[PDB]
Structure formats: C-alpha cells, structure tokens
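# Here goes the first bit of my complex:
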Amino acid sequence: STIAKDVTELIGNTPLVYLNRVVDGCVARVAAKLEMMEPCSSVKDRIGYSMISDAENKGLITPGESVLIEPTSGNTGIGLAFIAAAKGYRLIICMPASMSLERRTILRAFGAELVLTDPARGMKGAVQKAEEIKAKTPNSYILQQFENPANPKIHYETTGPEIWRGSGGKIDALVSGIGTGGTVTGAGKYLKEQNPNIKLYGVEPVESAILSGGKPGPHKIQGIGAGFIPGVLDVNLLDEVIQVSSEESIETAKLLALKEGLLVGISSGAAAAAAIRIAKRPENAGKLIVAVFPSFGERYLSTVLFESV
C-alpha cells in the first residue's frame, strides 16, 4: 500500500515537462518544473510544510497551544493555511486590505484568521501588525519566510534533488524567479554540488530590478520582485539576473496556455520568457535549461477577473 498518511506526504515530487511549441529559434532544450502540481497549486506548499515542521522539530510550537502568524498577501499564506489545517494549528495571516478577495476566501476555507491592514502602509504595515499580534499573544510564532533557513533548506532537500534526478543529471542551467530566493538558493546550492558548471539565472521584473542595481517599484508579477535582498537569498550563488517586463510575462503565460496547454501564473511566464531567451543564445546549443513554474494560472485568472469586475 502507498496510501499517504495525510496531505503533508503529498508535497513535492512534481514533474518536469519539455516546452515544445514556444521554443522556435531555441538551440537549447527547455523543461519546466511544474510547482502547479503541488496540492494547493504553488511552490509555497514546500515552505509552508518546512517552516512549520522545523519549528515543531525544535520544540518551538505545539498543535492547539501555539498561534502561528505570518504577514503574507501571496501563496505563502495558502501554503501555511493547508498545513496549519492538517496539523491543527491556529493561524493568523496579516495582509493589506483590498488584496485579492479570492486568496482571502481560500485562507478562510482552511480556517486561517485574517487581519487586514491599511493599504496605504502596504506590506510594511502587515509586517508591523504581525509583530504587534505576536507581542500580545503568548505562545505565538512568526514563520518569517524571508529570513527562515527552513525555506531554502527544503529546496536543498527536495526541489534540487528532484530536478537533478528528473533531468538524469543533464540539467545545465536553472532559471528561477526570485521572491524569497529560497528556491534558487536551496535548489541551486544542491545542483552546483552535483555539477559545479551548472549556471543559476535569477529572474526579476524590469519595474523592480533591485538585484541589477535598479530602484524598488510597483509591478504586476505576483510572487517575485520583493524590492529588497531577502536574508535567505544567497546572491553569491547567482550567475546572472534576467529582467522580464510584466507585459512579456503576461504574453508568455498566454502562449504557454494556448500552445503547451500549461495554465501558469504570471511569474511562470517571467521564468519561461527568461529561459527561452537563454536557450536562444548560440553558446547554449545542445544544453538543457530548466525553468521553475511556481504556480498554476487559475488563481491569477480568478484574481484578474475580480480586480477587473
């Protein structure tokens, strides 16, 4: 019997797939790591598990005693919420008001408590509110996705090894959109240990290219372009940073659905656009480029449709 104990044993071991119809002019092969296949449809299922699991293993939290807290407007909240549901933790998510009603409904479905903050104060306002709730709540614990070593650690332990095994050791390049930088840092570190010649390409928005020496700015690429260097990002592991526009990311996501039957988030569009550009460079002829596709595209299409209506 191979019946999973619970939903925590369903995380990771996601497939690689070749891109076939969006790669005209490419001299390298491009494969996508499909984090859309995670139980709650994003890469954040991995760090929702690892950050809660690590705290438990260190005796820092207890189910039905500890209150988990995270300031997050994105998939980290959903990854934490389904694990908190399964393991029986109270979870408080802090985010600015007027953020996707769709994401809020999913958090509430898993029984997460929502604390909405002043939109004018943005993410900083949500971080401050999370710290204030922690201060006044005994046995409370903030996961701290941008600083928590369990974030890159799970990518070193699972994501990287899966890409190495799945590619038969043939991966030459990893292309990864940087949010926390946990994926590129953890998976990248593992891959460079297997083959030190592997090149790691960070992807950031043109509109917030802080790793390239640009100013922090607003952009439509959900999940990447945090506008600062996260504690968990090892910039020294990066071999190049590719800038992709929100427009190019949206167009590439549209072509992935139309031509590959892959419905992916805008950040997957960004990673694909960067990987296709790298695969067109003649010095990469015959190589295998692996792009991380962080999320399924239904969440975005739902979010856009609500934001429009």
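That came through, no problem. Residues are numbered from 1 along each chain as shown, chains lettered A, B, ... in the order given.

# per the record, what domains does chain A have?
Chain A breaks down by automatic domain parsing into domains covering A:7-38+A:158-308, A:44-142.

# The residue nearest to residue A:162 when sequence neighbours are not counted - how many residues pack around it?
Setting aside the residues directly before and after it, residue A:162 is nearest to residue A:13 in space (C-beta to C-beta, 6 or more residues apart in numbering), at 6.3 Å. All C-beta spots, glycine's among them, are computed from the backbone N, C-alpha and C. Number of residues near residue A:13 (other C-beta atoms under 10 Å) recorded here: 11.

# roughly how far apart are residue A:13 and residue A:208?
Remark: distance between residue A:13 and residue A:208 (C-beta to C-beta, to the nearest Å) = 32 Å.

# Now render the domains of chain A as a markdown table, adding distance to residue A:148.
Formatted as a markdown table, those follow (distance: least, C-beta to C-beta, whole Å):
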| stretch | distance to residue A:148 |
| --- | --- |
| domain A:7-38+A:158-308 | 7 |
| domain A:44-142 | 5 |
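
# what's the closest of those domains to residue A:152?
Comparing these by their distance to residue A:152 (C-beta to C-beta), the top pick is domain A:7-38+A:158-308, with 3.6 Å.

# what about the closest one, distance to the chain center?
For domain A:7-38+A:158-308, the separation from the chain centroid amounts to 9 Å (computed by C-alpha atoms, centre = their mean, to the nearest Å).

# end to end, how far does that domain reach?
End-to-end distance for domain A:7-38+A:158-308, by C-alpha to C-alpha, to the nearest Å: 34 Å.

# now stretch A:169-185
Stretch A:169-185 has an end-to-end distance of 19 Å (C-alpha to C-alpha).

# Which strands and helices lie in contact with the helix or strand residue A:86 falls within?
For residue A:86, the host element (DSSP states H and E) is helix A:75-87. If you count contacts as 3 or more C-beta pairs under 8 Å, 6 or more residues apart in numbering; DSSP states H and E, helix A:75-87 packs onto helix A:44-57, strand A:67-71, strand A:90-96, helix A:101-109.

# residues in contact with the helix or strand just after the last one?
With elements assigned by DSSP H and E, the helix or strand that comes after helix A:101-109 is strand A:113-117. Outside strand A:113-117, the residues that touch it by C-beta atoms under 8 Å, 6 or more residues apart in numbering are A:90-97, A:99, A:104, A:107-108, A:125-126, A:128-130, A:133.

# same thing but at 10 Å, please
With contact meaning C-beta atoms under 10 Å, 6 or more residues apart in numbering, strand A:113-117 is reached by A:67, A:69, A:71, A:73, A:77, A:90-99, A:103-104, A:107-108, A:123-130, A:132-133.

# Chain B follows; place it on the structure:
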Amino acid sequence: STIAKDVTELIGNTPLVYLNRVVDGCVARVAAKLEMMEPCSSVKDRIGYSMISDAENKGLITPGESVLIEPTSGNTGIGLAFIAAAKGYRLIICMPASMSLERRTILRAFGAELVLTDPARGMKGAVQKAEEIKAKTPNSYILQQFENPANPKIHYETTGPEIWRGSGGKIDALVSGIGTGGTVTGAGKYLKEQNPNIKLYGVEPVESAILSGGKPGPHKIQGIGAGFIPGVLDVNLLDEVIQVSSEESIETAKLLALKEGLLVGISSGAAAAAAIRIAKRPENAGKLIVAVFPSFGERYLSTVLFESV
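To build on what is shown above, here is chain B added in:
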C-alpha cells in the same frame, strides 16, 4: 531522465490519502482518490485525453484539420480545452449563458471558442446547438461524453488499476459520485475483476435521485445528478446508490478543508459524506473504503464568490 514529452504524459497516477479527523465513529478506514492533483484539477483531464486520443487512433480527427465540439458547462470543457491546446485542435464549447464566468475565462485561456446558448433551454439547448454547428462544419467531431466508450475505458485502464495498486489490493469498497458514470463503471469493472467481493457505491443528490426512482430536479452538486442514465453508466455494476443533500455535501467539503487541509469540490463533499456513512456501518468494521474526490475546491470557491457578487 523522466522529463514528460508534453502535458498529456502528466495525467493520472494521482495519490490516495487517509481521512483522519472527519472519521469519528467510523469502524472502517476511509481513503480519498485525489483527482484534485490532475494537471487541470479534475478527473475530466483523464477523459479529455482519452476521448481525443481514441478519435485520433481511429483516424476520425487530425490536428489543424478537425474542429472538436462538446456541449459542457463543467470540467469536461476544461479537460478537453488543455488537451486540444497541447495537440493543436480547434475546440468549440457550447453551454448556457450566465454559467460561471470563471470557467469561461479558463476555456478562453486554452483558446477554446465559446458558443453561449439560451439559459431557458438549459443543457438540452447546448446539446442542440453543438449538433447544429457539427452539421454546418466539415471535419467536425462531437466527443459525446455521456455515450463515448473511451470515457469508462480510461478509468478501466488507469483509475481502477491505480486504486488497486495504491491500496495494496486491500480496497473493499469504491464510493463514486455519478456524473457520466464513467469513473464508477470503468474503475469499478476493473476492481471487481481483481476482487469480485468489492462493493461499488454510486452517489447522487437527494434533489435529483433518478437512480433511486426519484424525479430529475435542480441541485447545487456540480458534476453529479445529470437527471438521466448515461449510455456509459453500467447500472448493473452498482451495489448501492447513496443520496447526499447539497447542504451535507457543502458541510462535508468545509470540514475536509478545516480538518484535513483538503480543499475539494462540493461533489468530493458528497462522496466523502457517503463514504463516512458507509464506514460507520458496523458490518464494515476493519474494511478499507475508497472515495473518489473528483476536483480541487478553488474552482467552486471562485464560482460561488462570483455567483454571490
């Protein structure tokens, strides 16, 4: 290397998971077959593949020559749309207007053409429109999900064998919500060939219990209670039909998210409610009951939020 050729090689081989916290009073173990893990988040990915693949293998359709047509307001349209995208088929989906705008946006993302029909005429109106488009379109092909033997065949070839292998041959009962009846017929037939003592439980809404001798009626359980006996359903394979209310289905889906961290469609709630009832019967002590969970719950939460707003 285990890199998939394309998205068609990512279908099936979905996990089984034990239910742990919604099974108080159960003397049998309950496991869920998670079709939410399919690439486009429902069981219909299997029959989208099988119905197009079968037509190709019989030389009935050609990519970039043939126009595929199906009248469908549900997941069958999405399953067909991502396969049509990958394989390069023009696809026309006929459905009543005022149906989920969210589902329509997903179909359009995959490049499906939508033909909306008079809401007053319901599904019958969409079926009539599909036949009229077929008549006037050379090289056109209607999949006919309720009559197409490729529907139950894929469940005989994949779904059933996966449940048998995944359960280590220990499955005693399959609990399956009946839409087309392809899942219970195909998987059920295979399972009864491995162990003829296995019992097959069909699930239908209280509000449209036509297999129980009730009248066809409206109900909120998306994917089941078609209000007729499909051509592909073998009623003689069914050992019992369980009726579940829309209210009980919604409450069970809510508890699966809160207690198991499983965000599932209302029809998964129906299947779970039926399986939990069966597992409480003392004559089932020590047995393994497997419930099919046909879809992920994000589509429903999105649909409800739009229908409400």
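
# Same as before for the contacts of strand A:113-117, with chain B this time.
Residues outside strand A:113-117 that contact it (C-beta atoms under 10 Å, 6 or more residues apart in numbering or on different chains) are A:67, A:69, A:71, A:73, A:77, A:90-99, A:103-104, A:107-108, A:123-130, A:132-133.

# Report how many residues lie close to residue A:181.
By other C-beta atoms under 10 Å in any protein chain shown, 28 other residues sit near residue A:181.

# before we move on, what about the one 4 residues further on?
The local packing count at residue A:185 equals 29, with neighbours defined by other C-beta under 10 Å.

# go on, residue A:195?
Neighbours around residue A:195, by other C-beta under 10 Å: 12.

# In contact with it: list those residues for me.
By C-beta under 10 Å, 6+ apart, the contact list for residue A:195 reads A:164, A:169, A:170, A:171, A:172.

# Sort out which of these are in strands and list them.
The strands, defined by DSSP state E, take in nothing from the contacts of residue A:195.

# so which of those residues is the most crowded?
residue A:171 (25 neighbours).

# Give the closest residue to that residue in space, chain neighbours not counted.
residue A:290 (5.1 Å; C-beta to C-beta, 6 or more residues apart in numbering or on different chains).

# Could you verify my assumption that residue A:99 touches residue A:125?
No. Assessed by C-beta atoms under 10 Å, residue A:99 is found out of contact with residue A:125, at 11.7 Å.

# what touches both of these two?
Joint contacts of residue A:99 and residue A:125 (C-beta under 10 Å, 6+ apart) are A:116, A:117, A:119.

# Let me see the ranges of the helices in chain A.
Assigned by DSSP state H, chain A shows helices spanning A:44-57, A:75-87, A:101-109, A:122-136, A:150-154, A:160-166, A:182-194, A:246-255, A:266-280, A:298-308.

# For chain B, find the nearest of those.
In terms of C-beta to the nearest C-beta, the element of the helices of chain A nearest to chain B is helix A:75-87, at 3.6 Å.

# quick one: the closest one near chain B?
Yes. Using C-beta under 10 Å from any C-beta of the partner chain, helix A:75-87 reaches chain B at A:78, A:81, A:82, A:83, A:84, A:85, A:86, A:87.

# by how many degrees do that helix and helix B:298-308 diverge?
Here the directions of helix A:75-87 and helix B:298-308 differ by 110 degrees (axes from the mean of the first three to the mean of the last three C-alpha atoms, to 10 degrees).

# what is the orientation angle of helix A:75-87 with helix A:101-109?
Relative orientation of helix A:75-87 versus helix A:101-109 (the same axes, to 10 degrees): 20 degrees.

# any idea how far chain B is from residue A:235?
Using C-beta to the nearest C-beta, to the nearest Å, we find residue A:235 at a distance of 29 Å from chain B.

# Grab the nearest non-local neighbour of that residue.
Distance criterion C-beta to C-beta, 6+ apart; nearest residue to residue A:235, sequence neighbours excluded, is residue A:229 at 6.4 Å.
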